[PDB]
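Per the deposited numbering, the very first residue in the sequence shown carries number 23; after that it's consecutive.
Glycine is no exception: its CB is placed at the ideal position from the N, C-alpha and C atoms.
What follows is a set of notes on a single structure, which appears directly below.
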Amino acid sequence: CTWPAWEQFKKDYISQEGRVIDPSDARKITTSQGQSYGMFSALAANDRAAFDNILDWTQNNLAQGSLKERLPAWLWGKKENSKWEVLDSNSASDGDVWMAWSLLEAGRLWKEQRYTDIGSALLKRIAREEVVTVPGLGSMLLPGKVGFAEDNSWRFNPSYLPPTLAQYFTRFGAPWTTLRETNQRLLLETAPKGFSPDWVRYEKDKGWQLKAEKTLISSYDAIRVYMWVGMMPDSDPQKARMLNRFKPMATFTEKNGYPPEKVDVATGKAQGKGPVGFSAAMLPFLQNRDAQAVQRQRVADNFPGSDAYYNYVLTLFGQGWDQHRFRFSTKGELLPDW
Ligand SMILES: OC[C@H]1O[C@@H](O[C@H]2[C@H](O)[C@@H](O)[C@H](O[C@H]3[C@H](O)[C@@H](O)[C@H](O[C@H]4[C@H](O)[C@@H](O)[C@H](O[C@H]5[C@H](O)[C@@H](O)[C@H](O)O[C@@H]5CO)O[C@@H]4CO)O[C@@H]3CO)O[C@@H]2CO)[C@H](O)[C@@H](O)[C@@H]1O
Numbered sequence: 023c024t025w026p027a028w029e030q031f032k033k034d035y036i037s038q039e040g041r042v043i044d045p046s047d048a049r050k051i052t053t054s055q056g057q058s059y060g061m062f063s064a065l066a067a068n069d070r071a072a073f074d075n076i077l078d079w080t081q082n083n084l085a086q087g088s089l090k091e092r093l094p095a096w097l098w099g100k101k102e103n104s105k106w107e108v109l110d111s112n113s114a115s116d117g118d119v120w121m122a123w124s125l126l127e128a129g130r131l132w133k134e135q136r137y138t139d140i141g142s143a144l145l146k147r148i149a150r151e152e153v154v155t156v157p158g159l160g161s162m163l164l165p166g167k168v169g170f171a172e173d174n175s176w177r178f179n180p181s182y183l184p185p186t187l188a189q190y191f192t193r194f195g196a197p198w199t200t201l202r203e204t205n206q207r208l209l210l211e212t213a214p215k216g217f218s219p220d221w222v223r224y225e226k227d228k229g230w231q232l233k234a235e236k237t238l239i240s241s242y243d244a245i246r247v248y249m250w251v252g253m254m255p256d257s258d259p260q261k262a263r264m265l266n267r268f269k270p271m272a273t274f275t276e277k278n279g280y281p282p283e284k285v286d287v288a289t290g291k292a293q294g295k296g297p298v299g300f301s302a303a304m305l306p307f308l309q310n311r312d313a314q315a316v317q318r319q320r321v322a323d324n325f326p327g328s329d330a331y332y333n334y335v336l337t338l339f340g341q342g343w344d345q346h347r348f349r350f351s352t353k354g355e356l357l358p359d360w
């Protein structure tokens, strides 16, 4: 009745006060993504005590006491003066949506109104403060409250809204109804060579900016795109189109025995070998049994230690899924394995 990988994650990465820590950074930071992944994982493990502890810290330290009053700051850590506090109060929307989804699902599954209430308020503020109408697209999720929108151009992060979460959110009406559709557009239209970019710009009157560019590569952010798609139920009509679009990533992995570290989105040219986390991300994504098993071996033989926040978090999701630790319904709900 425990999720061993999660139990080890708590010991190595989660403080007594409930903050998820990336030890690789000298400021020993906590991110809103980290908190949301901890909430998700706690929920999947049926670990309410940890869910509550992580939620408390999040509200108190990232939201000045309340997720109903503001989106959580994305970055928290040690300052030069020795004080520990928010380092950037801007939000990161991937943490935000995962946080809202976990909360809403915690409310439903544990039958607790307080989680629903916080989840709803959070989701509404997301829609109001980091969702905007873009000419040529309609409603789009910005990667954050500020810094990603100019008068005539926007920058998006395809990895931020998993299609399952998008589907889940539709039950709440506008603008989520539309976002589920524009999210598909973002994912399908910006992968000309079958690789999703970490970041991608859109300009009014011109459209997607898909010429070769520094951040127009499939690396640490984008690797999650393939994982989210693989986590979609077969009965999600969007899944087939997405698997087809991203096939060259599956083909590369099968052929080379590993996922690439970086891929030029405009040319499809690959470089390096991705870390163990990337292999975990492939487990739900790859449909070929043998290829799946090759990645499974790599995760097993190079399982992340205590000095590897990102690999570990990818592993919780990827290997977690490979081990039936959680599943998503056709409506984006958590089907728990408790
Ligand atoms: O140049 C114009 C004007 O202002 C200054 O330039 C601006 C620039 O125009 C803005 O775009 C830029 O905006 C940045 C935000 O201030 C900053 O908060 C945001 O930080 C991101 C961060 O980049 C990103 O890594 C992080 O993502 C997290 C996600 O959860 C996941 O992807 C994963 O977990 O990785 C991380 C950590 O977990 O999110 C944060 C928060 O959204 O980045 C914006 C873009 O860089 O600000 C500049 C300065 O204000 C310029 O200096 C002036 O001269 C000029 O007049």
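Outcome for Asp-173 when other beta-carbon atoms lying within 10 angstroms are tallied against a minimum of 16: Under this definition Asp-173 is an exposed residue.
First through last residue of the beta strand (DSSP E) which encompasses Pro-165: Per DSSP, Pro-165 belongs to no beta strand (DSSP E) and is neither H nor E.
4 or more residues per run - each alpha helix (DSSP H) lying fully within the stretch 302-352: If we require 4 residues or more, the alpha helix (DSSP H) runs fully inside the stretch 302-352 come out as 311-323, 331-344.
Contained alpha helix (DSSP H) runs [length at least 4] in the stretch 36-68, N- to C-terminal order: Here the runs fully enclosed are 54-66.
Option nearest residue 13 by Cα separation, candidates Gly-169, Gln-57, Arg-347: Because the chain in this structure spans residues 23 to 360, residue 13 falls outside the shown range and cannot be described.
Contact belief for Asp-220 with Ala-244 at Cβ below 8 Å, rounded distance in angstroms: In this structure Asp-220 touches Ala-244 by the C-beta definition: roughly 5 Å separates them, less than 8 Å.
Under 8 Å between C-beta atoms of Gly-141 and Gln-135: Result no, Cβ atoms of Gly-141 and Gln-135 do not sit closer than 8 Å.
Contiguous alpha helix (DSSP H) assignments of at least 4 residues, all confined to the stretch 115-201: Whole alpha helix (DSSP H) segments, 4+ residues: 115-131, 135-151, 185-191.
Limits of the unbroken beta strand (DSSP E) element including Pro-282: Boundaries of the beta strand (DSSP E) around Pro-282: 282-286.
Which of helix, strand or coil DSSP assigns to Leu-77: DSSP places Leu-77 in the helix class (H, G or I) of the three-state scheme.
Alpha helix (DSSP H) segment containing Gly-290, residue limits: Boundaries for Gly-290: no alpha helix (DSSP H) harbours it, and the DSSP string shows neither H nor E there.
Helix, strand or coil at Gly-294 according to DSSP, with G and I counted as helix: Of the three classes helix, strand and coil, the one that applies to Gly-294 here is strand, per DSSP.
Proximity of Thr-212 and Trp-230 at Cβ, strictly below 8 Å: Yes. Within cutoff.
When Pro-270, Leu-338, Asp-286, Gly-279 are compared against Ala-302, the one with the closest alpha-carbon: It is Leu-338 whose Cα lies nearest to the Cα of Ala-302.
7 Å Cβ shell around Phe-170 - same chain, five flanking residues per side excluded: Excluding residues up to 5 positions away in sequence, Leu-164, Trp-176, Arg-177 lie with their Cβ nearer than 7 Å to the Cβ of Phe-170 in the same chain.
Coarse secondary structure for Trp-25, derived from DSSP in three states: Secondary structure at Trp-25: coil, using DSSP grouped into helix, strand and coil.
Closer than 7 Å: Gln-231 CB and nearest ligand 1 heavy atom: No, the beta carbon of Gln-231 sits no closer than 7 Å to any heavy atom of ligand 1.
Cβ neighbour criterion (16 or more within 10 Å) applied to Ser-328: By the 10 Å Cβ count, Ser-328 comes out exposed.
Rounded distance between the beta-carbons of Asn-83 and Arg-41, thought under 8 Å: Going by Cβ atoms, the distance from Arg-41 to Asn-83 rounds to 7 Å, so yes, they are a contact pair.
Integer-rounded CB distance, given that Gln-189 should sit under 8 Å from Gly-117: Contact doesn't hold; Cβ gap of about 19 Å is too wide.
Residues bridged to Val-222 (per DSSP): Paired residue(s): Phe-178.
Counted within 10 angstroms of its Cβ, other Cβ atoms place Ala-262 as buried (16 or more) or exposed: Here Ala-262 is exposed, its C-beta having fewer than 16 other C-beta atoms within 10 Å.
Extent of the continuous beta strand (DSSP E) run through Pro-358: Per DSSP, the unbroken beta strand (DSSP E) holding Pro-358 starts and ends at 356-358.
Best match in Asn-324, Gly-279, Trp-132, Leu-183 for proximity to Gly-299 [C-alpha to C-alpha]: Looking only at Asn-324, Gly-279, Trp-132, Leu-183, the smallest Cα-Cα distance to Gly-299 is reached by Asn-324.
Contacts around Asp-34, its chain only, beta-carbon distance under 7 Å, and the 5 residues preceding and following it disregarded: Taking C-beta separations shorter than 7 Å and ignoring five residues to either side along the sequence, the partners of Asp-34 in its chain run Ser-328, following chain order.
Inter-residue spacing [alpha-carbon to alpha-carbon] between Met-304 and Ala-48: Looking at the backbone, the Cα of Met-304 and that of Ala-48 are separated by about 30 Å.
N- and C-terminal bounds of the beta strand (DSSP E) containing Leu-97: 97-100 is the span of the beta strand (DSSP E), which, as asked, contains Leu-97.
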